[PDB]
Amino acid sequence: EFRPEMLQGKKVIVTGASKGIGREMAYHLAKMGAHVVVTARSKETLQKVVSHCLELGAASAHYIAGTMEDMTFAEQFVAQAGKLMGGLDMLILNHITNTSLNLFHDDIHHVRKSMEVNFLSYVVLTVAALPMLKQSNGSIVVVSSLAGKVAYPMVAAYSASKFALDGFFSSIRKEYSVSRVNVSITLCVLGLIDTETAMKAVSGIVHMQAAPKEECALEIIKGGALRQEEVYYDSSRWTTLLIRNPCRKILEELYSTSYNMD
């Protein structure tokens, strides 16, 4: 059972926090009295988010602006965020590259950029954060999608990047378990959320009910605080009924007997 006091005084990074779900997570963490470091490219918007976090009751709030297309920025950002807070308890990986609903034809540049921003930068940030998270027995929270568990047309590049996060982070979760690395990994499987970006992108194409961004942001934080392996959040009860894959969990357990990781 989650309690908001679980975030009180915790040192948290939130990426993609100038708008949508990321901004809502920064606001919830501020209300809970966490220390926050927010990032995105928009310095001016991040200044406004930080000012608001301080008004809401954050223990401290800072922003560092930059692009996650730059792997050197991603690595340096974590070191600076850790230096500002004097450590790190939770790393919330939420940013994505700008995308739109379109059939795939020949835009390899978009496929590669989606893989670099939505996936590879999450790996770089994790590698940079791990020493601090090992010190605090901390948590990594990876924001994904229903399009990271099942297939959807018009989002091929985006879906490939979200599926990649599952393969990568679920593999390292198994490694951390056997290697006694006490850092939790929470994969958040979200359905359609009413962010301005998503609502504009889907307009006239997708008619699904969108879930509220404020509640979505809180469910992600709860999942991370509770060290849950997966969070599922969607407007539909049929989606919630069908999304889990118990057979995958059974197979992984059956194959666990076949290792010597010494």
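In this text, residue numbers run from 1 along the sequence as written.
In this crystal structure, the stretch out of 130-138 and 115-123 whose C-alpha atoms carry the higher mean B factor is 130-138. Stretches compared: 75-83, 171-179. Higher mean C-alpha B-factor in the entry: 171-179. Take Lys48, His35, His28, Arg41 and read off each C-alpha B-factor from the entry; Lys48 has the highest. The PDB entry gives the largest Cα B-factor of the residues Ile193, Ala65, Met68, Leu56 to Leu56. Compared with the other modelled residues of the chain, the Cα B-factor recorded for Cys247 ranks in the highest third.
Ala17: CA B factor in the middle third of modelled residues in this chain (values from the PDB entry). Ranked within its chain, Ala151 lands in the middle third, by CA B factor from the PDB record.
Compared with the other modelled residues of the chain, the Cα B-factor recorded for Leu88 ranks in the middle third.
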